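Shown next are two forms of a single protein chain, provided one at a time as structure tokens under the names structure 1 and structure 2.
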Structure 1
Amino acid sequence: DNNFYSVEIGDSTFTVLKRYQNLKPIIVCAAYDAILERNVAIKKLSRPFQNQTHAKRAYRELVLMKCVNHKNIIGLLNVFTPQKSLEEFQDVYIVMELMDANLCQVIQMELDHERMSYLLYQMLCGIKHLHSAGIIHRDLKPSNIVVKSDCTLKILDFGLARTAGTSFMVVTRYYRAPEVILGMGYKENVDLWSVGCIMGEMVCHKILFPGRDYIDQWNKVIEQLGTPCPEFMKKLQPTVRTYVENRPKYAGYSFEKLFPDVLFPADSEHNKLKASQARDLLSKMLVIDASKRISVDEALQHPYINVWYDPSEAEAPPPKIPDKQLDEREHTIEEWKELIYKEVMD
């Protein structure tokens, strides 16, 4: 029957369960779960089965949000559709944990070393868990990372082609790793480049590499970090190597010049040391050559991060994803509707 009530939230309508009360918009609502007695977030996906792109994205997010459980990754609390049959099926509502803000607000703060390293520690724990689950985000950025007033942090979604709609409605290119831009493959640590850019932006309160397009992104990188060595050029493909090796050559500033001590809190024997550790970690993440860039595991062992290490958070068991669910299998719009409906019906 109809255990629902519809509410006008802007242009569209929100037909949710009566357990969720007082819907406030943030194309995603915030409500109070009277059963769980705590505020939640409600995302609405209208006709996700309409085409391949929307359908794949929604299918992965559902499957993955159900399987993955980590406290630094936003979790699924509930999922329902107000329609009662496959013929009438239309919308999907995904109830999630509610957070207070995204990093874009934290970046404008002058944080202390404890909060900075603790926020970063949580980022890496989440990233690591995703990796163990065979998920490389490939699209980290401050708008994808959300925080709470108790200084907790979570990763908001699963990234490229695994996300459907924006909760906390920041361009991707600013944080995209060069191996992608230069036509090279990618391994787990592309996400670590982004952490480097996000960490840097936190330090100096500015976008590290603000380019006009993807290509200009490469110009902003070598201007700051210096043209890479010839052993890296040999890994490029002919067309890319021809373009890269005809760029103006840049020496690149040291990470002391990129991130001086004035940017950090430095008024103590402990603070001036902590400033160098953050700079060291930055110099191990912001590395063009991904073969010389450290891993997520190594980032968690760094002196700047390891203070908070807890094996229950940084070494949690990986999830068991059902076999061959996230492949590039093409389907009809009706096949998608049935797969998605099967995952949403009560």
Structure 2
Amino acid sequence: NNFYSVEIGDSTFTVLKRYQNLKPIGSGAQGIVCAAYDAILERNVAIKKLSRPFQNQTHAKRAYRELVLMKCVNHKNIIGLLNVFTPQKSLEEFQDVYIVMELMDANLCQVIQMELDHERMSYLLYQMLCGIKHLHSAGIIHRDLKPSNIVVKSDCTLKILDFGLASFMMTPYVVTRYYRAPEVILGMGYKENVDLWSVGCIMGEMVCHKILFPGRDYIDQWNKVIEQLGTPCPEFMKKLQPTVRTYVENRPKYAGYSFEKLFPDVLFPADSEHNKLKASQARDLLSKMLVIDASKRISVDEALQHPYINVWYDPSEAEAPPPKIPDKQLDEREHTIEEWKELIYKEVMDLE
């Protein structure tokens, strides 16, 4: 037989014999991930087990979307597919999906605990911006970027792990909402620069080493935002639904703090003239990302062209050919369990 089984915690991993020495590196509501050695490729890989992905609509849609996008996206700043398999030998018996991926060294939560020089900080931000733009070019807006779903290597290279939001679910896993934009928090429309809000929260956290807006729920989340940045102007208020508008206008009013006070020189390398100029430019970029009103917030391309970032600019990275997404209905599906099962199985086996 071409497979063997190993127990990983309370889970059983049944994998191809080419993959050896499995070790757990991560977990989530969607599945469980092990590092492993690929004896054929002669390199380390990551293996994600998806257990019965067709069990409900939220898991099924996410799994199907993940499979399709990994098969059609190929960019250095998005985690790359190496293999997919199932150990079950028929549609009738089909249960689990295994996705094999590039293995990276660490997540951004680990990097946030470190003091970063301007070269490394700006290069990480550049790469995030290239990954995001590439997704936007294919009509994919992430909306859920956070430190835990961004990974790095010791050479400062960076990859985004996931493709973002689509959703009730029975799960012990708690949802992190600290990086979500005001327009997502308040149920407004959104465009591409929704993702720039999240990059600003991440950047701010890299500088300060603390979560900017650590809200317990969406109501607390909003409070934390206005405390730091100030109550938005009347022009923004007028874009909200009446029921939301009454709520937002009724909160206590806050003046907010200047970006000089939010992010002072002591948080940046600021010894040499070189570092002093860079600190000033870093603060300017923050001031253009952490903007409540999306109509006044910076675009992804404006961010790529910013003085802090543009030293890295390369069109083969920042202007790559868009992904060819085959499924025109990739974000608007409703199916039965047996239908999702067959759709996913066909994708894993590569059938139509």
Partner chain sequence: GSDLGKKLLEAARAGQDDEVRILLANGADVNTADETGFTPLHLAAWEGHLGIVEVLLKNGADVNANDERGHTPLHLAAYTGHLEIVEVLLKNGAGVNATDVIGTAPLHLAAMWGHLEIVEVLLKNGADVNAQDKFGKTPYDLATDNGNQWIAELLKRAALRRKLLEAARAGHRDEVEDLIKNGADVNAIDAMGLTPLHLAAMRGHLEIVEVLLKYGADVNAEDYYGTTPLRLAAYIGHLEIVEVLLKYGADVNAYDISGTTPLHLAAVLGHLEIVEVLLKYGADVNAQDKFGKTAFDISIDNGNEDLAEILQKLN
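Here, residue number means position along structure 1's sequence, counting from 1. Each form is matched to the other, and the largest set of C-alpha atoms that superpose within 1.5 Å is called the rigid core.
Identity of the form solved in complex with its partner chain, given as 1 or 2: Form solved in complex with its partner chain: structure 1.
Report, in Å with one decimal, the C-alpha displacement of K18 between structure 1 and structure 2 after core superposition. Looking at the C-alpha of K18 between structure 1 and structure 2, the offset is 1.1 Å.
Keeping the rigid core fixed, what distance in angstrom separates the two C-alpha positions of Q277 between structure 1 and structure 2? Value for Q277 between structure 1 and structure 2: 0.4 Å of C-alpha shift.
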